[PDB]
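Worksheet: one structure, shown below.
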Amino acid sequence: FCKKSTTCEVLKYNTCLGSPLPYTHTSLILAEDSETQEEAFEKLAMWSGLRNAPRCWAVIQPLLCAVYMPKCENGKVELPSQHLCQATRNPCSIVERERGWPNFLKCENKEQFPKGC
Ligand code: NA
Ligand SMILES: [Zn+2]
């Protein structure tokens with residue numbers, strides 16, 4: 041229950057929000073606001089506005105990467121963990137006020153954020 045079946049594509053980027061990626065394949069299935077790696081790129085740049093709130097950023101950056109450019113190997117994408125999502129709710133509370141969290145970034149969505157892996 042910590043992986044999801046999907047088709048893998050070749051990464052067009054070797055970096056997510058400044059972090060070098062140790063894998064070469066991904067999928068867009070977890071990011072319901074993106075149908076291409078180009079859209080995901082754009083959406084992440086938009087999210088990088090939270091760099092100005094380091095306490096939020098330190099926890100949201102690894103989350104965003106796990107949702108927008110997750111590792112895909114052998115027809116399977118790795119799901120972000122519960123602890124990963126939860127740690128972001130308080131320090132990134134401003135997101136709820138400004139725009140809200142979309143379905144695929146709500147910690148409640150157990151299908152997307154299983155405990156614990
Ligand atoms: Na998508
Ligand atoms: Zn490859």
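Position one of the sequence shown corresponds to residue 41 (the entry's author numbering), numbered consecutively onward.
All residues carry an ideal CB built from backbone N, CA and C; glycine is no exception.
Short of 8 Å in beta carbon distance, which residues of its chain neighbour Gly115, apart from the five on each side in sequence? Order them along the chain. Counting from 1 along the sequence shown, the entry for residue 115 is found at position 75. Within the same chain, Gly115 has close Cβ partners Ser45, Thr46, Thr47 and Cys48.
Any heavy atom of ligand 1 within a distance shorter than 7 Å of the CB on residue 189? In the structure as shown, the chain begins at 41 and stops at 157. Residue 189 is therefore absent and cannot be evaluated.
When you get a sec, list the residues whose CB is within less than 6 Å of any heavy atom of ligand 2, chain order please. Those satisfying the condition are, in chain order, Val50, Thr64 and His65.
Assign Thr64 to one of three DSSP states: helix, strand, or coil. Counting from one through the sequence shown, the residue named residue 64 turns up at place 24. Correct three-state label for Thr64: coil.
For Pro60, I'd like the list of residues in its chain whose CB is within less than 7 Å of its CB, leaving aside the five on either flank, ordered along the chain. In the sequence shown, counting from the first residue as 1, residue 60 sits at position 20. Excluding five sequence positions before and after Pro60, the CB atoms of its chain that fall closer than 7 Å to its own CB belong to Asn54, given in chain order.
Kindly examine ligand 1 and report whether one of its heavy atoms sits closer than 7 Å to the Cβ of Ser74. Residue 74 sits at position 34 when you count from the first residue of the sequence shown. Taking non-hydrogen atoms of ligand 1 into account, the C-beta of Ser74 is found less than 7 Å away from one of them.
Could you give the distance in angstroms between the alpha-carbon of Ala85 and the alpha-carbon of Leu104? Mapped onto the sequence shown, residue 85 falls at position 45. Mapped onto the sequence shown, residue 104 falls at position 64. The alpha-carbon atoms of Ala85 and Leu104 are separated by roughly 11 Å.
Give a yes or no on whether the C-beta atoms belonging to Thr128 and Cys96 are separated by under 8 Å. Taking the sequence shown and counting its residues from 1, the one referred to as residue 128 is at position 88. Taking the sequence shown and counting its residues from 1, the one referred to as residue 96 is at position 56. Yes, the Cβ-Cβ distance between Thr128 and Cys96 is below 8 Å.
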